[PDB]
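Please read the structure below before turning to the comments.
There are 2 protein chains.
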Amino acid sequence: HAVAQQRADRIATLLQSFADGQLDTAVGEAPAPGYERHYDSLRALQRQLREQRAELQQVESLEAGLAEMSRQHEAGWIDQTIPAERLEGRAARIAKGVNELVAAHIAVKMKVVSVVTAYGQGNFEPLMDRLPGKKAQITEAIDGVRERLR
Amino acid sequence: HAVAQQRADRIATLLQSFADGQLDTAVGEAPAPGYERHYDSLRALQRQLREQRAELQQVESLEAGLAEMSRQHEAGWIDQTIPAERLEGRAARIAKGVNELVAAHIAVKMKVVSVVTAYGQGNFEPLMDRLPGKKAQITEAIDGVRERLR
Ligand SMILES: [Cl-]
Ligand SMILES: [Cl-]
Ligand SMILES: [Mg+2]
Ligand SMILES: [Mg+2]
Ligand code: NA
Ligand code: NA
Numbered sequence: 003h004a005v006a007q008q009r010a011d012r013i014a015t016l017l018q019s020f021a022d023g024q025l026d027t028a029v030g031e032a033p034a035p036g037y038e039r040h041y042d043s044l045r046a047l048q049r050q051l052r053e054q055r056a057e058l059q060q061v062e063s064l065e066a067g068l069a070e071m072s073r074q075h076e077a078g079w080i081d082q083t084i085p086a087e088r089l090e091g092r093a094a095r096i097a098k099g100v101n102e103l104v105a106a107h108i109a110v111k112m113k114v115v116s117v118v119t120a121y122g123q124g125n126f127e128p129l130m131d132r133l134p135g136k137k138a139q140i141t142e143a144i145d146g147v148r149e150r151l152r
Numbered sequence: 003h004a005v006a007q008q009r010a011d012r013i014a015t016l017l018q019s020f021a022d023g024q025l026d027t028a029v030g031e032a033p034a035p036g037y038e039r040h041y042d043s044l045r046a047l048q049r050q051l052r053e054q055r056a057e058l059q060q061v062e063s064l065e066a067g068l069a070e071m072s073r074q075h076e077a078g079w080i081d082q083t084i085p086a087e088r089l090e091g092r093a094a095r096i097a098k099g100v101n102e103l104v105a106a107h108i109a110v111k112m113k114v115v116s117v118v119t120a121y122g123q124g125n126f127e128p129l130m131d132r133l134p135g136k137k138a139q140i141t142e143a144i145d146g147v148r149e150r151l152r
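Sequences listed follow chains A and B, in order. Counting from 3, one number per residue, gives the positions in the first sequence under the numbering used here. Counting from 3, one number per residue, gives the positions in the second sequence under the numbering used here.
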């Protein structure tokens, strides 16, 4: 009678904690045989709430990292990247993905600058890369510059 | 005796479902007064598991969208963007953030191409934007091209 209520209150308290976002309490083992199923599920649920909390926090950090990277680049510090090494899982892969895509565009941009700077110096040895898709328009444009400049 | 066990099994089953990822069952209301706390928490937990599931799915979609955008740009279709409008919350903001940052770099790149293309035609009216930070190196480079070309 007394124990039954106590064990019931314990389960209510643990569930209440989960609901309120208090995931630090250690669930532990069941008090008696008839509560094994309840506790098995409670422990499993807790592990899941903790994992999802961590993953969602990583995403929040990813948004802040992107925000700072954007701020840095608008200020001209284009070497700045999102510190993917400080993230993990999917958040880290997305961060690396953004860094690589931005880096790829910067590389094409600097290639253009490098080639035309040379033409400006009378050095016509360099040729713009042969780009695909819409980027092919850049290749033709720069070739046109070369032909006309000399 | 019979009812007690039945109501206890119901709570075990609901918790078991949550654990296994079956969040579609409708919890409903408590069967008797002494179970109000349990059910209140169960409903709240379910709402949270569903919300976190949705948010994590959005992130998975964000990673795929970035992957496809990267694939498209490497192929030269640089007008392609991550469809942020099809996402929501933080996932959507990150997507828009990536689209804007990439677009900003492309704009600087095309500005460079536009200016030098003009110089190649003997049209020295356009001047490269005055860029900050490390980007200032691009401004000086292109100015140098202008001065030397004419
Ligand atoms: Cl720096
Ligand atoms: Cl297209
Ligand atoms: Mg010269
Ligand atoms: Mg000319
Ligand atoms: Na990617
Ligand atoms: Na941003």
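Quick reminder that beta carbons are idealized off the backbone N, C-alpha and C, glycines included.
Check: Return the chain-ordered list of same chain residues with a C-beta closer than 6 Å to the C-beta of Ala32 of chain B, the five sequence neighbours on each side being excluded.; Outcome: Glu38 and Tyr41
Check: Specify, as a first and last residue, the run of the alpha helix (DSSP H) that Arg152 of chain A falls within.; Outcome: Where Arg152 of chain A is concerned, there is no enclosing alpha helix (DSSP H), given that its DSSP letter is neither H nor E.
Check: When we look at the beta-carbon of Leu44 of chain B and count the other beta-carbons within 10 Å, is it buried (16 or more) or exposed?; Outcome: buried
Check: Once you ignore the five residues that flank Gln60 of chain B on each side, which residues in its own chain have a CB closer than 6 Å to its CB?; Outcome: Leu89 and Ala93
Check: What separation, rounded to the nearest whole angstrom, lies between the Cα atoms of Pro128 of chain B and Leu103 of chain A?; Outcome: 29 Å
Check: From the beta carbon of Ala14 of chain A, is the nearest beta carbon of chain B less than 7 Å away?; Outcome: yes
Check: Taking 6 Å as the line, does the beta carbon of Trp79 of chain B fall inside it for any heavy atom of ligand 2?; Outcome: yes
Check: Apart from the five residues just before and just after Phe126 of chain B, which ones in its own chain have a Cβ nearer than 7 Å to its Cβ?; Outcome: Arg148 and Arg152
Check: For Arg150 of chain B, verify whether its CB is less than 6 Å away from any heavy atom of ligand 3.; Outcome: yes
Check: Using a Cβ-Cβ cutoff of 7 Å, what residues of the region 108–120 of chain A are near chain B? List them in chain order.; Outcome: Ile108, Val110, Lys111, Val114, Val115, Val118 and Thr119
Check: Check whether the Cβ atoms of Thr141 of chain B and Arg132 of chain B lie closer than 7 Å to each other.; Outcome: yes
Check: At a threshold of 6 Å, does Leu64 of chain B count as lining ligand 6 (C-beta to nearest heavy atom)?; Outcome: no
Check: So, are the CB atoms of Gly67 of chain B and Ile80 of chain B less than 7 Å apart?; Outcome: no
Check: Determine, using beta carbons only, whether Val61 of chain B comes closer than 7 Å to chain A.; Outcome: yes
Check: Kindly give me the distance between the Cβ atoms of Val115 of chain B and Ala143 of chain A, rounded to whole angstroms, as I take these residues to be in contact under 8 Å.; Outcome: 5 Å
Check: What are the boundary residues of the alpha helix (DSSP H) that includes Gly135 of chain B?; Outcome: Note, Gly135 of chain B: premise wrong, no alpha helix (DSSP H); not H, not E.
Check: When you compare only the Cα positions, how much space is there between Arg55 of chain A and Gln123 of chain A?; Outcome: 57 Å
Check: Taking DSSP as the reference, what is the three-state secondary structure of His75 of chain A?; Outcome: helix
Check: Taking DSSP as the reference, what is the three-state secondary structure of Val104 of chain A?; Outcome: helix
Check: At least one CB of chain B closer than 7 Å to the CB of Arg92 of chain A: is that the case?; Outcome: yes
Check: For chain A, find out if any of its Cβ atoms is closer than 7 Å to the Cβ of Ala46 of chain B; answer yes or no.; Outcome: yes
Check: Given a cut-off of 7 Å on the beta-carbon distance, is the pair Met130 of chain B and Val110 of chain B in contact?; Outcome: no
Check: Counting only Cβ pairs nearer than 7 Å, list the residues of chain A close to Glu65 of chain B.; Outcome: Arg92, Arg95 and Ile96
Check: Flag this pair as yes or no: are the beta carbons of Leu64 of chain A and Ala105 of chain A separated by less than 7 Å?; Outcome: no
Check: At what residues does the alpha helix (DSSP H) containing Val5 of chain B begin and finish?; Outcome: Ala4 to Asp22
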